[PDB]
């Protein structure tokens, strides 16, 4: 199989829900239903800057030489700051210093696990390949984005994450990785008829709620909820089965950093697992890093010593489209940078 050789995050200072309420960015009803405590917010740091910083951390920990990094993939879900510019080449220039292929991979909030899929294949496609770097980075600022209200129920963070995947060795083994696609749901996140062509553009601003309501009215709530539930179930069961494990075999579940209401509907009141078995407390203080959530969550569990050698971790990620990815990761040893 493949190994996680390194990982890291770069998170700008948090803004608390209390500060957000006082600043008017946020209403009480939303604070209450999401149960968020705080979210990382950048000042001047741009998406690729934060990704390269996380990447520098992940690479240092991995100890992998630049020449053994055979691919760089940068994932993100929002504007990277400069049109017709190569943010992955920035990540490569600053964090890696080598000349392998560097490109972007996007799959909305599932982008990190999507990049992991392509990185796994790339490493397996040739016998001499060693490692791949995956990064994520996003800066969810005005004018085009409202971290509290553009997609109500999820509060968006600024920051970067990174993971080093390796065929040679590492502190954890990737026991399975399964990705599920249900493209009938793609219209849920755009204008135009759900089952026809998209409408004309909308750069500022992001308003996901209206598009969802329109989708549901056309396809029906029954259809929408059932297709979403089914896709999530396929990813879970596929990943667990591929790893020879059941959900009871899992010590910690890395969930997306969504608000409480969404996490309860999707996971807690569905799978009947307890919050303490998940990254809920970490996520509710961090915010949604898009495709980066499973990397940030795994890094936190490992870094804080909350995952022990021999224990299995389940990564859970979902993106508009829809796409789902689940992965089972086995911790082999506590890395030197952990507690």
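Residue numbers count along the first chain shown, from 1.
Trainee: Among the other entries of this protein that were compared (only those with both neighbours built), does residue 204 lack coordinates in at least a third?
Mentor: It is, since residue 204 is left out of at least a third of the other entries that model both flanking stretches.
Trainee: Mean C-alpha B factor from the entry: is it higher for 154 to 162 or for 121 to 129?
Mentor: Averaging CA B-factors over each stretch, the winner is 121 to 129.
Trainee: Averaging C-alpha B-factors over each stretch, which comes out higher, 96 to 104 or 205 to 213?
Mentor: The recorded data point to 205 to 213.
Trainee: Among 291, 287, 310, 297, which carries the highest Cα B-factor?
Mentor: Going by the entry's C-alpha B-factors, 310 comes out highest.
Trainee: Reading the B-factor column of the entry, which of 187, 137, 111, 144 has the highest value at its C-alpha atom?
Mentor: Most elevated C-alpha B-factor of the set, per the entry: 144.
Trainee: Based on the entry's values, in what third of the chain does the Cα temperature factor of residue 279 lie: lowest, middle or highest?
Mentor: It belongs to the lowest third of the chain when residues are ordered by C-alpha B-factor.
Trainee: By the record's CA B-factor, is residue 167 among the lowest, middle or highest third of residues in the chain?
Mentor: Answer is highest: the recorded C-alpha B-factor places it there.
Trainee: If you rank every modelled residue in this chain by C-alpha B factor, which third holds residue 232: lowest, middle or highest?
Mentor: Residue 232: CA B-factor falls in the lowest third of its chain.
Trainee: When the deposited Cα B-factors of this chain's modelled residues are ordered and cut into thirds, is residue 224 in the lowest, the middle or the highest one?
Mentor: Tercile = middle for this residue's CA B-factor.
Trainee: Grab the CA temperature factor for residue 87 from the record and place it in the lowest, middle or highest third of its chain.
Mentor: For residue 87, whose C-alpha B-factor we compare with every modelled residue in the chain, the answer is the lowest third.
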